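Notes follow the structure.
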Amino acid sequence: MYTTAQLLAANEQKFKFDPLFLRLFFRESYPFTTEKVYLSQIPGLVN
Amino acid sequence: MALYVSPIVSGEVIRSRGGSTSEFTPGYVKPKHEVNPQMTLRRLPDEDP
């Protein structure tokens, strides 16, 4: 009943989470319209 | 060099200098290659399906 409680500041507690990989090498993004995806690479070796 | 001919003898006569020639004539190169007209039927690795 008679409590008289006063609340002070709270805490935060977020992660130490920064990608460094969605920002350095994976800068380019594409959506899909198909089901599978190919990834072709031509071996460039002239004679 | 000059060496030392004394002032009593005529001395020897030097061959002046010079003479060297050469030839580097032919050279060639020709990379012929084919277009393969029947290669265009199938799909290239490019040109997304």
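Each value in this text was obtained by applying a stated rule to the coordinates, not by laboratory testing. Cβ coordinates were reconstructed from backbone atoms using ideal geometry, including for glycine residues, and neighbour counts include every protein chain displayed.
Numerical summary
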read-out	value
Residue among A:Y30, A:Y2 that alone is within 14 Å of chain B (Cβ to nearest Cβ) and either hydrophobic (A, V, I, L, M, F, W, C) or more than 30 Å from B:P31 (Cα to Cα) (or both)	A:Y30
Candidates A:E12, A:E35, A:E28 - the one that is over 23 Å from B:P45 (Cβ atoms) and within 31 Å of the chain's Cα centre (by Cα)	A:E12
Set B:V9, B:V5: member being surrounded by 10 or more Cβ atoms within 10 Å (Cβ to Cβ) and in a loop (DSSP other than H, G, I, E, B)	B:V5
Test set (1) within 14 Å of chain A (Cβ to nearest Cβ); (2) more than 30 Å from A:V37 (Cβ to Cβ); (3) aliphatic (A, V, I, L, M) - B:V13 fails condition number	(1)
So B:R17, is it closer than 20 Å to A:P43 by Cβ and among the basic types (K, R)	no
